[PDB]
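Visitor: Structure file model33.pdb, PDB, C-alpha atoms, is pasted below:
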```
ATOM      1  CA  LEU A   1     -96.019 -44.003  12.970  1.00  0.00           C
ATOM      2  CA  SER A   2     -95.136 -46.492  10.249  1.00  0.00           C
ATOM      3  CA  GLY A   3     -94.644 -43.712   7.706  1.00  0.00           C
ATOM      4  CA  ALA A   4     -91.528 -42.269   9.311  1.00  0.00           C
ATOM      5  CA  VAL A   5     -90.065 -45.730   9.924  1.00  0.00           C
ATOM      6  CA  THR A   6     -90.516 -46.525   6.233  1.00  0.00           C
ATOM      7  CA  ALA A   7     -89.009 -43.160   5.312  1.00  0.00           C
ATOM      8  CA  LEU A   8     -85.839 -43.730   7.320  1.00  0.00           C
ATOM      9  CA  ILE A   9     -85.464 -47.338   6.155  1.00  0.00           C
ATOM     10  CA  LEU A  10     -85.652 -46.158   2.552  1.00  0.00           C
ATOM     11  CA  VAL A  11     -83.287 -43.247   3.230  1.00  0.00           C
ATOM     12  CA  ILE A  12     -80.565 -45.487   4.639  1.00  0.00           C
ATOM     13  CA  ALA A  13     -81.052 -48.125   1.940  1.00  0.00           C
ATOM     14  CA  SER A  14     -80.783 -45.434  -0.733  1.00  0.00           C
ATOM     15  CA  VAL A  15     -77.629 -44.010   0.839  1.00  0.00           C
ATOM     16  CA  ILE A  16     -76.020 -47.460   0.899  1.00  0.00           C
ATOM     17  CA  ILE A  17     -76.960 -48.068  -2.733  1.00  0.00           C
ATOM     18  CA  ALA A  18     -75.711 -44.666  -3.894  1.00  0.00           C
ATOM     19  CA  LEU A  19     -72.382 -45.205  -2.148  1.00  0.00           C
ATOM     20  CA  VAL A  20     -72.087 -48.617  -3.814  1.00  0.00           C
ATOM     21  CA  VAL A  21     -72.711 -47.043  -7.221  1.00  0.00           C
ATOM     22  CA  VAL A  22     -70.172 -44.269  -6.634  1.00  0.00           C
ATOM     23  CA  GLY A  23     -67.532 -46.753  -5.510  1.00  0.00           C
ATOM     24  CA  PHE A  24     -68.165 -48.807  -8.635  1.00  0.00           C
ATOM     25  CA  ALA A  25     -67.786 -45.718 -10.824  1.00  0.00           C
ATOM     26  CA  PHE A  26     -64.445 -44.768  -9.294  1.00  0.00           C
ATOM     27  CA  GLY A  27     -63.286 -48.366  -9.606  1.00  0.00           C
ATOM     28  CA  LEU A  28     -64.174 -48.195 -13.293  1.00  0.00           C
ATOM     29  CA  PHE A  29     -62.044 -45.057 -13.559  1.00  0.00           C
ATOM     30  CA  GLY A  30     -59.018 -46.642 -11.942  1.00  0.00           C
ATOM     31  CA  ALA A  31     -59.411 -49.814 -13.983  1.00  0.00           C
ATOM     32  CA  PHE A  32     -59.764 -48.153 -17.374  1.00  0.00           C
ATOM     33  CA  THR A  33     -56.801 -45.876 -16.695  1.00  0.00           C
ATOM     34  CA  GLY A  34     -54.350 -48.720 -16.107  1.00  0.00           C
ATOM     35  CA  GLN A  35     -55.677 -51.137 -18.712  1.00  0.00           C
ATOM     36  CA  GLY A  36     -52.576 -51.318 -20.897  1.00  0.00           C
ATOM     37  CA  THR A  37     -51.494 -49.066 -23.763  1.00  0.00           C
ATOM     38  CA  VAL A  38     -49.168 -50.776 -26.244  1.00  0.00           C
ATOM     39  CA  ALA A  39     -47.611 -48.919 -29.180  1.00  0.00           C
ATOM     40  CA  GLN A  40     -44.523 -49.049 -31.384  1.00  0.00           C
ATOM     41  CA  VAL A  41     -41.427 -46.934 -30.765  1.00  0.00           C
ATOM     42  CA  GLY A  42     -39.278 -47.926 -33.724  1.00  0.00           C
ATOM     43  CA  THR A  43     -39.247 -49.970 -36.903  1.00  0.00           C
ATOM     44  CA  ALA A  44     -39.536 -53.734 -36.778  1.00  0.00           C
ATOM     45  CA  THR A  45     -37.406 -56.289 -38.604  1.00  0.00           C
ATOM     46  CA  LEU A  46     -39.193 -59.194 -40.285  1.00  0.00           C
ATOM     47  CA  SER A  47     -36.740 -61.972 -41.143  1.00  0.00           C
ATOM     48  CA  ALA A  48     -38.315 -63.663 -44.160  1.00  0.00           C
ATOM     49  CA  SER A  49     -36.068 -66.734 -44.191  1.00  0.00           C
ATOM     50  CA  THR A  50     -37.031 -67.707 -40.632  1.00  0.00           C
ATOM     51  CA  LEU A  51     -40.153 -65.484 -40.482  1.00  0.00           C
ATOM     52  CA  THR A  52     -39.155 -63.832 -37.204  1.00  0.00           C
ATOM     53  CA  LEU A  53     -40.443 -60.429 -36.093  1.00  0.00           C
ATOM     54  CA  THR A  54     -38.109 -58.306 -33.961  1.00  0.00           C
ATOM     55  CA  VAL A  55     -40.097 -55.302 -32.760  1.00  0.00           C
ATOM     56  CA  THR A  56     -39.614 -52.671 -30.059  1.00  0.00           C
ATOM     57  CA  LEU A  57     -42.853 -52.109 -28.144  1.00  0.00           C
ATOM     58  CA  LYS A  58     -43.799 -49.593 -25.460  1.00  0.00           C
ATOM     59  CA  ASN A  59     -46.458 -50.618 -22.935  1.00  0.00           C
ATOM     60  CA  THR A  60     -47.371 -48.147 -20.187  1.00  0.00           C
ATOM     61  CA  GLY A  61     -50.216 -50.147 -18.649  1.00  0.00           C
ATOM     62  CA  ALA A  62     -50.925 -53.639 -17.376  1.00  0.00           C
ATOM     63  CA  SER A  63     -48.878 -56.612 -18.543  1.00  0.00           C
ATOM     64  CA  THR A  64     -50.875 -57.845 -21.538  1.00  0.00           C
ATOM     65  CA  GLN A  65     -50.298 -60.719 -23.957  1.00  0.00           C
ATOM     66  CA  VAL A  66     -49.889 -61.175 -27.702  1.00  0.00           C
TER      67      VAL A  66
ATOM     68  CA  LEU B   1     -73.609 -40.073 -13.440  1.00  0.00           C
ATOM     69  CA  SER B   2     -73.101 -42.387 -16.403  1.00  0.00           C
ATOM     70  CA  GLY B   3     -72.255 -39.413 -18.612  1.00  0.00           C
ATOM     71  CA  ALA B   4     -68.917 -38.670 -16.978  1.00  0.00           C
ATOM     72  CA  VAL B   5     -68.011 -42.364 -16.832  1.00  0.00           C
ATOM     73  CA  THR B   6     -68.627 -42.642 -20.572  1.00  0.00           C
ATOM     74  CA  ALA B   7     -66.660 -39.436 -21.123  1.00  0.00           C
ATOM     75  CA  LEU B   8     -63.569 -40.732 -19.342  1.00  0.00           C
ATOM     76  CA  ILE B   9     -63.796 -44.168 -20.968  1.00  0.00           C
ATOM     77  CA  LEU B  10     -63.886 -42.503 -24.379  1.00  0.00           C
ATOM     78  CA  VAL B  11     -61.084 -40.089 -23.458  1.00  0.00           C
ATOM     79  CA  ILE B  12     -58.715 -42.887 -22.482  1.00  0.00           C
ATOM     80  CA  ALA B  13     -59.666 -45.017 -25.486  1.00  0.00           C
ATOM     81  CA  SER B  14     -59.026 -42.032 -27.755  1.00  0.00           C
ATOM     82  CA  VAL B  15     -55.641 -41.369 -26.161  1.00  0.00           C
ATOM     83  CA  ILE B  16     -54.597 -45.002 -26.602  1.00  0.00           C
ATOM     84  CA  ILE B  17     -55.704 -44.977 -30.237  1.00  0.00           C
ATOM     85  CA  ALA B  18     -53.950 -41.691 -31.015  1.00  0.00           C
ATOM     86  CA  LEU B  19     -50.724 -42.969 -29.470  1.00  0.00           C
ATOM     87  CA  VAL B  20     -50.988 -46.112 -31.600  1.00  0.00           C
ATOM     88  CA  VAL B  21     -51.405 -43.989 -34.730  1.00  0.00           C
ATOM     89  CA  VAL B  22     -48.461 -41.741 -33.853  1.00  0.00           C
ATOM     90  CA  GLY B  23     -46.209 -44.715 -33.165  1.00  0.00           C
ATOM     91  CA  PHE B  24     -47.205 -46.212 -36.506  1.00  0.00           C
ATOM     92  CA  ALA B  25     -46.393 -42.951 -38.290  1.00  0.00           C
ATOM     93  CA  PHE B  26     -42.920 -42.729 -36.775  1.00  0.00           C
ATOM     94  CA  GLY B  27     -42.324 -46.392 -37.562  1.00  0.00           C
ATOM     95  CA  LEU B  28     -43.227 -45.621 -41.166  1.00  0.00           C
ATOM     96  CA  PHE B  29     -40.659 -42.821 -41.120  1.00  0.00           C
ATOM     97  CA  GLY B  30     -37.904 -45.071 -39.841  1.00  0.00           C
ATOM     98  CA  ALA B  31     -38.838 -47.838 -42.263  1.00  0.00           C
ATOM     99  CA  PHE B  32     -38.986 -45.723 -45.412  1.00  0.00           C
ATOM    100  CA  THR B  33     -35.714 -44.001 -44.531  1.00  0.00           C
ATOM    101  CA  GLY B  34     -33.646 -47.189 -44.548  1.00  0.00           C
ATOM    102  CA  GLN B  35     -35.487 -49.109 -47.253  1.00  0.00           C
ATOM    103  CA  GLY B  36     -32.498 -49.483 -49.570  1.00  0.00           C
ATOM    104  CA  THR B  37     -31.061 -47.082 -52.145  1.00  0.00           C
ATOM    105  CA  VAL B  38     -29.063 -48.674 -54.967  1.00  0.00           C
ATOM    106  CA  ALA B  39     -27.311 -46.713 -57.721  1.00  0.00           C
ATOM    107  CA  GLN B  40     -24.316 -47.024 -60.034  1.00  0.00           C
ATOM    108  CA  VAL B  41     -20.901 -45.528 -59.294  1.00  0.00           C
ATOM    109  CA  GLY B  42     -19.024 -46.398 -62.467  1.00  0.00           C
ATOM    110  CA  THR B  43     -19.394 -47.945 -65.896  1.00  0.00           C
ATOM    111  CA  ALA B  44     -20.271 -51.609 -66.169  1.00  0.00           C
ATOM    112  CA  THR B  45     -18.657 -54.187 -68.440  1.00  0.00           C
ATOM    113  CA  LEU B  46     -20.862 -56.573 -70.416  1.00  0.00           C
ATOM    114  CA  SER B  47     -18.854 -59.535 -71.707  1.00  0.00           C
ATOM    115  CA  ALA B  48     -20.725 -60.558 -74.854  1.00  0.00           C
ATOM    116  CA  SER B  49     -18.980 -63.897 -75.381  1.00  0.00           C
ATOM    117  CA  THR B  50     -20.111 -65.149 -71.960  1.00  0.00           C
ATOM    118  CA  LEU B  51     -22.832 -62.498 -71.428  1.00  0.00           C
ATOM    119  CA  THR B  52     -21.527 -61.540 -67.984  1.00  0.00           C
ATOM    120  CA  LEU B  53     -22.250 -58.162 -66.386  1.00  0.00           C
ATOM    121  CA  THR B  54     -19.587 -56.718 -64.073  1.00  0.00           C
ATOM    122  CA  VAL B  55     -21.037 -53.648 -62.370  1.00  0.00           C
ATOM    123  CA  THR B  56     -20.084 -51.475 -59.396  1.00  0.00           C
ATOM    124  CA  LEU B  57     -23.168 -50.760 -57.289  1.00  0.00           C
ATOM    125  CA  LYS B  58     -23.605 -48.494 -54.271  1.00  0.00           C
ATOM    126  CA  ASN B  59     -26.292 -49.395 -51.728  1.00  0.00           C
ATOM    127  CA  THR B  60     -26.835 -47.109 -48.733  1.00  0.00           C
ATOM    128  CA  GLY B  61     -29.888 -48.896 -47.340  1.00  0.00           C
ATOM    129  CA  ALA B  62     -31.083 -52.403 -46.568  1.00  0.00           C
ATOM    130  CA  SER B  63     -29.641 -55.510 -48.201  1.00  0.00           C
ATOM    131  CA  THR B  64     -31.846 -56.086 -51.249  1.00  0.00           C
ATOM    132  CA  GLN B  65     -31.818 -58.702 -54.003  1.00  0.00           C
ATOM    133  CA  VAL B  66     -31.481 -58.626 -57.781  1.00  0.00           C
TER     134      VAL B  66
END
```
Kindly return the structure encoded in the file as structure tokens.

Guide:
Amino acid sequence: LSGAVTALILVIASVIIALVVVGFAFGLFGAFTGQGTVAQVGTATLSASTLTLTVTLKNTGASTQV
Amino acid sequence: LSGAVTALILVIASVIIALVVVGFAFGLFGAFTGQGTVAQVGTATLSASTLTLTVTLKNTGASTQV
């Protein structure tokens, strides 16, 4: 009688664990998609007297830092 | 299951990198176009007593130095 009890306990535990793993995978998807993609969309201007960089940047992801 | 996760991670990384490269290429275009083109538009006069050069220059790019 213990065999079937063990079988169902393991079945439900395995289902819980598999659902956890799948949720983590889809979270990884959503997190890597919106991670932050920064590129340049036009020439920069480097003032050499004051050493100041004026650059136009395009960022279609999360708000990152420099 | 890890295979598809790796595939999407690499796909998004590759897209970000390719966009960076393309932005850099177009920035190079814009930068080399307006780099500064200086030529002469008339005869110069070289005063030999004072050694002074009076020259008419045409510059259709960035403000350079001599």

Visitor: Taking the file as shown, what set of residues would the PyMOL selection byres ((chain B) within 6 of (chain A)) give back, as a PyMOL selection string?

Guide: chain B and resi 16+20+23+27+30-31

Visitor: With C-alpha atoms kept, could you save the residues just selected as a PDB file, keeping the file's coordinate frame?

Guide:
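Done, and the output landed in out23.pdb:
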```pdb
ATOM      1  CA  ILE B  16     -54.597 -45.002 -26.602  1.00  0.00           C
ATOM      2  CA  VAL B  20     -50.988 -46.112 -31.600  1.00  0.00           C
ATOM      3  CA  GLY B  23     -46.209 -44.715 -33.165  1.00  0.00           C
ATOM      4  CA  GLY B  27     -42.324 -46.392 -37.562  1.00  0.00           C
ATOM      5  CA  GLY B  30     -37.904 -45.071 -39.841  1.00  0.00           C
ATOM      6  CA  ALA B  31     -38.838 -47.838 -42.263  1.00  0.00           C
TER       7      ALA B  31
END
```

Visitor: Select, from A:51, A:66, A:18, A:13, the residue with the minimum atom-to-atom distance to residue 1 in chain B, counting all atoms listed in the file.

Guide: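 Closest to residue 1 in chain B of all the choices is A:18.
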
Visitor: Provide the CA of residue 24 in chain B to CA of residue 12 in chain B distance in Å, to one decimal place.

Guide: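 Distance between the two atoms: 18.4 Å.
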
Visitor: Quick one, how far is CA of residue 56 in chain A from CA of residue 14 in chain B?

Guide: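 CA of residue 14 in chain B lies at a distance of 22.3 Å from CA of residue 56 in chain A.
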
Visitor: What is the distance between CA of residue 50 in chain B and CA of residue 63 in chain B, in Å to one decimal?

Guide: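 Between CA of residue 50 in chain B and CA of residue 63 in chain B the gap is 27.4 Å.
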